[PDB]
Amino acid sequence: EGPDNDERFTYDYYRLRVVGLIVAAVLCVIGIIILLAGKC
Amino acid sequence: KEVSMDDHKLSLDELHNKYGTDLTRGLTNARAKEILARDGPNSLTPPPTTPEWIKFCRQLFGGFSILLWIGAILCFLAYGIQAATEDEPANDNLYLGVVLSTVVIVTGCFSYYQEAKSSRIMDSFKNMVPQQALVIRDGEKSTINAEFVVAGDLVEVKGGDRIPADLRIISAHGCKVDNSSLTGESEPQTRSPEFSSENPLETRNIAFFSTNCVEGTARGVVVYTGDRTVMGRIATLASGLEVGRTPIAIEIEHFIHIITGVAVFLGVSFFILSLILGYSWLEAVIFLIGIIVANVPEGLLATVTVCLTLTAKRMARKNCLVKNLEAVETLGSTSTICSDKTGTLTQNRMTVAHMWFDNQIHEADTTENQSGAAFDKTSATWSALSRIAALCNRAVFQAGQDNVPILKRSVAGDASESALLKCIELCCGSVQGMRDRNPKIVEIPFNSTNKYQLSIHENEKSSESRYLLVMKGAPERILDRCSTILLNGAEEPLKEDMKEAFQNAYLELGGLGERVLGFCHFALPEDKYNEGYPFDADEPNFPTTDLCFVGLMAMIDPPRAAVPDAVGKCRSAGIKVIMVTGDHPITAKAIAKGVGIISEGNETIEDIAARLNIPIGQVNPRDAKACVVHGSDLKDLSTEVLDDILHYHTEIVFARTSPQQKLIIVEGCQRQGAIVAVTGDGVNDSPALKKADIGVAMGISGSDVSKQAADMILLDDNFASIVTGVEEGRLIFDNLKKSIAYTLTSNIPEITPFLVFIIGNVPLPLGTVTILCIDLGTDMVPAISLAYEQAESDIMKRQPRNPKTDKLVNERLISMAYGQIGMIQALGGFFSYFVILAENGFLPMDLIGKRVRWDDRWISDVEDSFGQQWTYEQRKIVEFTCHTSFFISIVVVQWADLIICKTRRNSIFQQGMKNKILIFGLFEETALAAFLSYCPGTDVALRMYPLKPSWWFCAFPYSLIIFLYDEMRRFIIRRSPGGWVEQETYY
Amino acid sequence: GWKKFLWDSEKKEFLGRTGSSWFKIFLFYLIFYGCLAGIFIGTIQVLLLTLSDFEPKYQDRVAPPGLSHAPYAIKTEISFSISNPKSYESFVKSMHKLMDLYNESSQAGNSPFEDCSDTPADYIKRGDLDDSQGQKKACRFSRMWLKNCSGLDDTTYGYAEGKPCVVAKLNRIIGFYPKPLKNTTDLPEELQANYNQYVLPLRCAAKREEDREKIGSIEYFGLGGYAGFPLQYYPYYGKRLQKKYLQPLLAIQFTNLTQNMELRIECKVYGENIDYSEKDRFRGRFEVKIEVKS
Ligand SMILES: *[C@@H]1O[C@H](CO[C@@H]2O[C@@H](C)[C@@H](O)[C@@H](O)[C@@H]2O)[C@@H](O[C@@H]2O[C@H](CO)[C@@H](O[C@@H]3O[C@H](CO[C@H]4O[C@H](CO)[C@@H](O)[C@H](O)[C@@H]4O)[C@@H](O)[C@H](O[C@H]4O[C@H](CO)[C@@H](O)[C@H](O)[C@@H]4O)[C@@H]3O)[C@H](O)[C@H]2NC(C)=O)[C@H](O)[C@H]1NC(C)=O
Ligand SMILES: *[C@@H]1O[C@H](CO[C@@H]2O[C@@H](C)[C@@H](O)[C@@H](O)[C@@H]2O)[C@@H](O[C@@H]2O[C@H](CO)[C@@H](O[C@@H]3O[C@H](CO)[C@@H](O)[C@H](O[C@H]4O[C@H](CO)[C@@H](O)[C@H](O)[C@@H]4O)[C@@H]3O)[C@H](O)[C@H]2NC(C)=O)[C@H](O)[C@H]1NC(C)=O
Ligand SMILES: CCCCCCCC/C=C\CCCCCCCC(=O)OC[C@H](COP(=O)(O)OCC[N+](C)(C)C)OC(=O)CCCCCCC/C=C\CCCCCCCC
Ligand SMILES: CCCCCCCC/C=C\CCCCCCCC(=O)OC[C@H](COP(=O)(O)OCC[N+](C)(C)C)OC(=O)CCCCCCC/C=C\CCCCCCCC
Ligand SMILES: CCCCCCCC/C=C\CCCCCCCC(=O)OC[C@H](COP(=O)(O)OCC[N+](C)(C)C)OC(=O)CCCCCCC/C=C\CCCCCCCC
Ligand SMILES: CCCCCCCC/C=C\CCCCCCCC(=O)OC[C@H](COP(=O)(O)OCC[N+](C)(C)C)OC(=O)CCCCCCC/C=C\CCCCCCCC
Ligand SMILES: CCCCCCCC/C=C\CCCCCCCC(=O)OC[C@H](COP(=O)(O)OCC[N+](C)(C)C)OC(=O)CCCCCCC/C=C\CCCCCCCC
Ligand SMILES: CCCCCCCC/C=C\CCCCCCCC(=O)OC[C@H](COP(=O)(O)OCC[N+](C)(C)C)OC(=O)CCCCCCC/C=C\CCCCCCCC
Ligand SMILES: CCCCCCCC/C=C\CCCCCCCC(=O)OC[C@H](COP(=O)(O)OCC[N+](C)(C)C)OC(=O)CCCCCCC/C=C\CCCCCCCC
Ligand SMILES: *[C@@H]1O[C@H](CO)[C@@H](O[C@@H]2O[C@H](CO)[C@@H](O)[C@H](O)[C@H]2NC(C)=O)[C@H](O)[C@H]1NC(C)=O
Ligand SMILES: CC(C)CCC[C@@H](C)[C@H]1CC[C@H]2[C@@H]3CC=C4C[C@@H](O)CC[C@]4(C)[C@H]3CC[C@]12C
Ligand SMILES: CC(C)CCC[C@@H](C)[C@H]1CC[C@H]2[C@@H]3CC=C4C[C@@H](O)CC[C@]4(C)[C@H]3CC[C@]12C
Ligand SMILES: CC(C)CCC[C@@H](C)[C@H]1CC[C@H]2[C@@H]3CC=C4C[C@@H](O)CC[C@]4(C)[C@H]3CC[C@]12C
Ligand SMILES: [Mg+2]
Ligand SMILES: [Mg+2]
């Protein structure tokens, strides 16, 4: 699709890791809240 | 024998001078505090304790952590060998070793945490209800903690009390102590203050520690306290308990063995397969580690200790103190309950309800008013009746009671005597003056041989013969004892007609469910007995018969509030309840009918004879479901007759049965093949308590001998608490099964990739690092969450389990875990695998056989389905993106499995999502999977790569499918009892 | 137990159950494993639909391209005796397997092999990645181009007298355009001379500074006489759209090689969309251990 088709071989793994970490953090928080909810 | 030097030779004066204690008064509280501080608490130095570091260390080098240690060591050595060879090697072996060691560290700390938790909870059961001692201080008698006893304190012990410390007997009356723990002989030896022998083991005036007083009473002084006691030296070093396990723990162990054997065989075999197929020596051990970890459920022992400890805390919360851990398991299996009438079913708070004198039934006891009574207080016979009620009575009121009414105040004595006192004070007047005017010369307390009470009083008035004998007792026996009856002041001989009316009155009041007591008195002739005449208690001089029957007094005693519901739950539960009481069959039959032991419709042989108006002997014994066995009949019966009554009758009530006969009843119940629990408060009850499967001792009133003899202690002495406790006991089994069912399901998805790898010749879908992360890394908490579970509506609506037929791990369990649920978690992971490879360029048809070429480091030319050419690391990266996906597809399916596992009979909609630990587990695992996939550096260290977003969803159809499938199978079970589904699928 | 749990004749049980139980369980499992199989086959069919036949959806794991070689050396070592003939047989059998695909008999007629510039040239676009104009056409690559390593003159290819060859090859990637370095002041030393823009350069050297002296004259054979790959053989349209496609090759003769001593030779390609990796020792470059012990 032309010489400058470098995109067909690139993936933004950085943004993916950032989002996956934000989500992991959120899930961890929700977890702790539910666990200690009653003990306060 | 060697360590013996005592004070027995000293006299009362010598003992007083040495110890320095008022023999009559006892030491003062201030002196008690000083002595306690100086000598120390009356307790035995405890043993030392394992250090915290040694245990933790046992965890590091225990369970199967050893296998992981060898694997980690092998990896380190392999890396070291690589160091010598060509430069710039791959740190793959180095980071693999670093992964195994960490797994061992996390497992060691977690298991250590759980074990400590359980040990601390067990210790809490040591200072809940302590062991006390009755001491005499400042003249007053008080109950104090056993540790507070000091040397020189005046201690008093009675029948059934434990000896707080070695004592010097100052005074005693028929005291018998059992020195079985000291000498070995179980024969009770008498104890008297007289100096019998020079040696301590024989001297009559020395009570040793740890012994118990079988009968009588005695007063002594503490010669030795704590470790100084004779028995203390032996008990501290010589009597230490050893470690003990349960049968629940051993069924689980046996199963762990069978699975371990199959796992090791499969491992070694795969190892040889890898070598025949050209792999590295290190990769062979790696495959073995993965197979063993994926197949051996290492968490079961921890999950059982945790389940038992947590359930015990729930019981201790609900009034059921288990002395041992085995009782927690045995309670769930309880089939028959032999309970007592007074103390357990009722409250033991008697109130005087009705009376019978002047050949009439009279109501009385105005409801805390001045209305007096229904009849004339002026009645002549009533005067004699109240006279005997007040004079023969043993109980007296305590001080400080003058402020409140009689129905509300406290008394000291028997419940019946207390009721009589409250009645006379409300209607008659003051007992202090009445007891004062008629001085009691001699009195005979209630005795089993006599079965009556007795009191001799002198009369201050004129016209009397100067002698008034008063006695009360069983109405049947006292009527046999009297020749005359007092009616309206005029005495008349007792004829058969009067006795018939009396029997009618007894039947009427007894049918009501009230305890009737007979009363009588006699004025002995002055000519035969002068004023000076002494009456001999030891040798009865006065006439016992030809007395004058005054009348009958009856009292009421309502049952506990919770008792009826408890018997109902037992009937729904399939548990048999037996009432063993000292009362009369009419009162027993009644109380039993009211509480629920004898439900409506059921009749005994006598009941049917009465309806039919036929002799009882003629009626068929099998015709009656329930029966009331008399104590005399029980003594006369043989083993076969006892078995006949226990087998053929649904509701049995033993009346007028001595507590000693309980052993025969317990043995008969066991001959049948039932797990029995028996309730006991006294000393005579101990043999039955030991013989019964579950001995329940009364907490409030039970003596130290009974408490020592039993496994469970009822704090409230209520019967409902027993039923609630059995309810808790069944939950242990339900939760344990739900846990075994969970952990075992992941075996099929973790092992199937290896098998497919070898048979199919496709690339490895799931690696070993991920396997360790699954079993050891994330499911640790979810496995435990299954124990916190609540119960299901049906826990009390099912039959008792029998150890012969039921076992925790049965064939139906393997049908659900391996066959149906497992095969599905395997397909969900395989699906996610196929998708990763297909998207990156490898299609499915092309994959069969690429392994030989795939695992060959040397082929940098691998061709995919679309014809591209792949190198070695580029291709390996896609394989690793599959190990991570598999992993996630496993956590995702685990969601459906963990949710469906919660209940086995009901749906989760009915039960609900009220378990907090379980929910915390779903969120935490999901979070860990996302973390391990996304964090940087994991690629090199853990070999996990990032997962793109369209992939997380591949396991979703298999998770919804697992959930929907189990819901329908639960529905079909509830709808069709005893069907094919319940026969095959219900584990 | 042992005998009784195997076969009893009162309850007419075998292994534990009767005939109707074994039949109900077997029927249930057959139906169940059938629904399971059908669902897996359907969820996999939708997956076959999702993807395209002319192009892999994801092409990030293979870039830049690797650099493989013939022969097939295990551990990246080429060791053989010049006397014993049964020492370099495993090598020749491979070399031959690779060159056996460039036979002229295979490349004949107008399709699908068209005659291309005998001298390096630029890219050639045969349209898009569609089925509209049928099977595309690929350029012909003759054997003879490789001069002393062709197996046409000296079948052995060199291994017979202490002068081996190494046919290097660039990993085939769909839609990959090779981009060589430009003539600007920044360029390696080696690459300055013979800057044919249309040629992707390949140059071998010694891993260590010492070995330089012990390595003799690296003689590269290729299209046009240059030490590289002509850009005209790109891009690659994939197997489905370009069956019978031949990738360029470059021969390397390691003349004047010291005898009885292990020599570490690292070959490396240069270019813009070319990047090496410290973990993958075959991404763009390659290592060979040669030891002509005689
Ligand atoms: C691609 O080309 C290959 C070579 O093609 C040859 O050269 C080209 C330029 C043309 O001229 C073409 O016409 C030539 O054939 C081609 O491989 C060749 O295939 C033939 C047929 O099998 C082989 O001939 C046989 O040789 C053996 C002994 O071979 C020795 O040398 C080779 C190396 O060359 C070693 O590998 C061996 O181990 C031996 O050391 C003979 O024994 C054999 O005898 C047979 O024929 C005789 C009559 O001549 C009969 O009497 C016998 O009974 C046998 O039936 C053949 O003579 C030739 O060796 C082989 N070349 C090479 C280098 O291996 C290849 O097949 C082509 N591939 C495609 C896909 O087109
Ligand atoms: C790729 O690049 C090289 C080098 O280009 C040069 O350096 C670059 C970094 C950049 O600065 C460019 O602007 C610069 O030209 C090209 O090759 C060079 O070509 C020139 C011209 O032929 C050569 O210069 C010659 O040097 C000789 C001695 O070394 C000298 O005797 C030559 O005389 C010639 O020119 C004079 C006028 O100056 C004339 O009077 C003579 O009669 C005779 O023609 C000449 O000065 C360089 O040496 C070359 N460089 C190298 C390394 O060989 C190259 O052609 C280019 N390739 C492409 C495809 O564009
Ligand atoms: C009780 C609960 C408390 C919770 C409080 C949370 C507070 C919030 C804290 C963090 C939130 C998210 C932070 C976002 C930053 C993440 C860093 C990051 O995005 O880094 C990405 C790059 C990696 O490089 P690349 O992608 O180019 O590689 C090439 C990739 N290839 C090979 C595929 C081509 O980073 C680099 O280069 C440099 C990396 C430097 C170090 C980053 C540290 C990451 C490790 C831990 C931090 C996350 C903790 C989360 C806690 C969750 C609890 C379980
Ligand atoms: C519950 C149990 C379940 C699971 C248990 C699993 C047990 C496993 C135990 C330990 C595993 C340790 C792994 C160590 C992590 C990486 C360390 C390391 O060896 O890194 C090396 C890399 C260097 O790579 P390179 O130079 O080759 O890259 C070149 C990149 N090129 C070329 C593309 C540019 O380092 C880097 O990249 C720098 C990035 C550093 C990463 C920072 C992340 C911090 C890691 C762990 C802390 C998180 C703890 C959780 C706390 C929770 C709080 C609530
Ligand atoms: C040339 C040679 C060819 C050979 C071909 C052979 C092909 C074989 C094909 C299928 C094999 C089926 C294996 C399943 C075995 C089930 C055994 C089982 O049901 O025993 C249950 C027992 C007792 O149960 P119950 O109380 O209900 O007895 C009630 C007895 N009544 C009711 C009759 C009185 O319990 C126990 O023995 C205790 C628990 C034992 C747990 C065993 C679990 C297995 C553990 C690891 C193996 C996993 C490998 C998975 C991969 C397989 C390869 C695809
Ligand atoms: C040990 C315990 C294992 C537990 C589970 C193991 C999971 C293993 C599943 C698959 C592994 C086998 C490898 C599959 C590769 C076979 C390839 C194949 O089969 O290529 C046939 C077709 C491809 O057609 P095409 O469109 O390319 O042709 C186009 C034709 N034109 C265009 C000319 C019209 O593929 C198809 O149709 C669909 C075939 C895809 C996979 C089907 C595999 C067999 C079917 C179900 C397996 C699950 C059984 C569950 C049993 C439960 C108890 C164990
Ligand atoms: C696109 C397709 C995807 C398919 C994927 C499948 C995934 C798995 C499929 C299903 C699993 C989820 C099912 C949730 C069940 C909810 C049931 C419910 O709602 O029953 C209502 C209950 C009943 O109430 P009652 O008073 O009548 O009970 C009286 C109880 N008696 C009588 C004992 C006193 O109410 C209660 O339980 C009280 C309120 C509890 C609310 C719970 C909400 C949390 C639910 C799940 C947590 C998420 C875990 C996943 C973590 C990953 C996140 C990233
Ligand atoms: C087309 C594909 C997508 C379809 C999605 C459907 C979503 C449906 C959403 C909620 C479901 C409805 C709520 C159910 C509430 C029922 C309340 C209730 O009263 O229930 C009681 C019954 C059991 O009564 P019993 O046995 O005592 O009767 C005994 C009768 N005698 C005595 C004669 C034996 O309960 C039962 O029928 C429970 C049986 C239900 C089994 C169906 C499971 C539905 C599948 C998934 C639900 C969604 C959860 C996950 C969400 C993922 C989001 C991405
Ligand atoms: C990717 C994963 C997909 C997994 C999908 C799985 C779907 C397959 C589900 C069920 C298929 C199995 C059906 C088997 C039918 C033949 C069984 C049979 O021969 O049974 C005979 C009995 C009748 O004998 P009896 O008891 O009267 O004789 C008394 C016997 N004596 C004398 C011993 C007491 O049958 C009975 O009792 C009736 C019991 C019939 C069993 C009902 C079980 C239904 C369970 C699930 C269906 C729901 C699927 C929902 C999926 C949604 C997908 C999105
Ligand atoms: C090939 O290498 C040989 C050395 O092995 C070179 O020949 C040597 O040249 C030196 C002078 O520099 C002489 O002293 C030696 O006697 C020579 N040895 C032999 C065996 O000839 C030779 O020049 C090299 N040739 C090439 C083309 O690199
Ligand atoms: C209770 C149930 C139904 C909740 C199910 C939650 C599911 C859908 C959640 C749990 C973790 C989530 C993933 C966590 C991390 C990422 C990475 C990000 O870059 C894209 C979204 C993606 C892929 C999320 C998609 C949604 C996800 C899979
Ligand atoms: C890879 C493929 C070919 C393996 C297929 C294995 C199947 C046939 C195996 C896996 C688990 C097995 C079941 C496991 C447990 C039981 C319970 C037992 O009381 C009867 C047999 C029965 C029901 C087995 C029948 C055969 C079974 C379903
Ligand atoms: C709910 C359950 C029982 C439904 C299972 C349906 C099964 C039988 C269906 C679902 C998808 C179907 C497949 C879909 C696509 C193709 C490709 C075609 O070229 C041959 C038939 C074939 C391979 C079908 C065979 C039957 C199939 C596997
Ligand atoms: Mg016992
Ligand atoms: Mg598991």
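Residues numbered from 1 in each chain as written, not as in the entry; some residues may be left out. Chains lettered and ligands numbered in written order. Heavy atoms only, no water.

The name the PDB entry assigns to chain C is Na+,K+-ATPase beta subunit, from the organism Squalus acanthias. The deposited entry bears the title "Cryo-EM structure of Na+,K+-ATPase in the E1.Mg2+ state". According to UniProt, the comment filed for chain C under the heading Sequence similarities (unreviewed entry) is "Belongs to the X(+)/potassium ATPases subunit beta family." (UniProt positions renumbered as here; feature names shortened; annotations may be inferred.)

If you look chain B up in the PDB entry, it shows as Na, K-ATPase alpha subunit from Squalus acanthias. Annotation of chain B in UniProt includes, under Catalytic activity (unreviewed entry), the sentence "K(+)(out) + Na(+)(in) + ATP + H2O = K(+)(in) + Na(+)(out) + ADP + phosphate + H(+)". The UniProt entry for chain B carries this comment under Subcellular location (unreviewed entry): "Cell membrane".

A. How the structure looks around the site of ligand 7. Taken together, 15 residues are adjacent to ligand 7, and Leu27 of chain A together with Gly912, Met913, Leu922 and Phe956 of chain B come closest. The environment around ligand 7 is built from residues contributed by chains A and B. Here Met913 of chain B contributes a backbone N or O atom positioned 2.6 Å from an oxygen atom of ligand 7. Broken down by secondary-structure element, the contributors of at least two residues to the shell around ligand 7 are α33 (908-911), α34 (916-934) and α37 (956-975) of chain B. The element that contributes the greatest number of residues to the shell around ligand 7 is α33 of chain B, accounting for four residues. Within the shell around ligand 7, the residues separate by chemical class into nine nonpolar, five polar and one charged. (Near = heavy atom within 4 Å. Polar contact = N/O pair within 3.5 Å; in protein donor to acceptor, adjacent residues only side chain to side chain. Helix = DSSP H or I, 4+ residues; strand = E, 2+ residues; numbered from the N terminus. Nonpolar A, V, L, I, M, F, W, Y, C, P; charged D, E, K, R; others polar.)

B. Spotlight on the state of the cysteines. Residue and element names in this part refer to chain C. Tallied over the entire structure, the rule returns three disulfides over all chains. The side chain of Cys116 participates in a disulfide bridge whose partner is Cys139; the two sulfur atoms lie 2.0 Å from each other. The S-S bond linking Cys116 to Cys139 shows a torsion near -85°; that makes this disulfide left-handed. Here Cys139 lies in strand β6 (residues 138-139) and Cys116 lies in the loop between β5 (113-114) and β6, a separation of 23 residues in the sequence. The side chain of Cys149 participates in a disulfide bridge whose partner is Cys165; the two sulfur atoms lie 2.0 Å from each other. (Disulfide = S-S within 2.5 Å.)

C. Structural context of a nonpolar patch on the surface. Residues and elements named next belong to chain A. There is a patch of nonpolar side chains on the surface, built from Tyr14, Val18, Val19, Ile22, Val23, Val26 and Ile30 and spanning about 630 Å² of accessible area. Looking at the secondary structure, you find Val18 in helix α1 (residues 13-36). According to the relative accessible area criterion, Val18 is partly exposed, its value standing at 35%. (Patch = residues over 30% accessible without salt bridge, like charges linked within 9 Å, V, L, I, M, F, W, Y side chains within 5 Å. Areas by Shrake-Rupley, 256 points an atom, 1.4 Å probe, with all protein chains shown as cover. Salt bridge = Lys/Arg side-chain N within 4 Å of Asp/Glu carboxyl O. Buried < 20%, exposed > 50% of the residue type's maximum accessible area, 1.4 Å probe, protein only.)

D. Broad picture of the interface of chain C and chain B. Contact residues are listed per partner, giving 48 residues for chain C and 44 residues for chain B. Regarding the contact of chain C and chain B, the summed buried area is about 4,400 Å², with carbon and sulfur atoms giving 57% of it. Of all residues in chain C, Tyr58, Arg61 and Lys279 of chain C give up the largest surface area on contact with chain B, accounting jointly for 16% of the area buried on that side. Linking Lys948 of chain B and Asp60 of chain C is a salt bridge whose minimum nitrogen-to-oxygen distance equals 3.1 Å. Linking chain C to chain B there are 13 residue pairs in polar contact. Mapped by element, the contributors of at least two residues to the side of chain C that touches chain B are α1 (19-50) and α4 (238-241) of chain C. Counted by class, the side of chain C that touches chain B contains 22 nonpolar, nine polar and 17 charged residues. (Contact = heavy atoms within 4.5 Å. Buried area = accessible area lost by both parts, 1.4 Å probe.)

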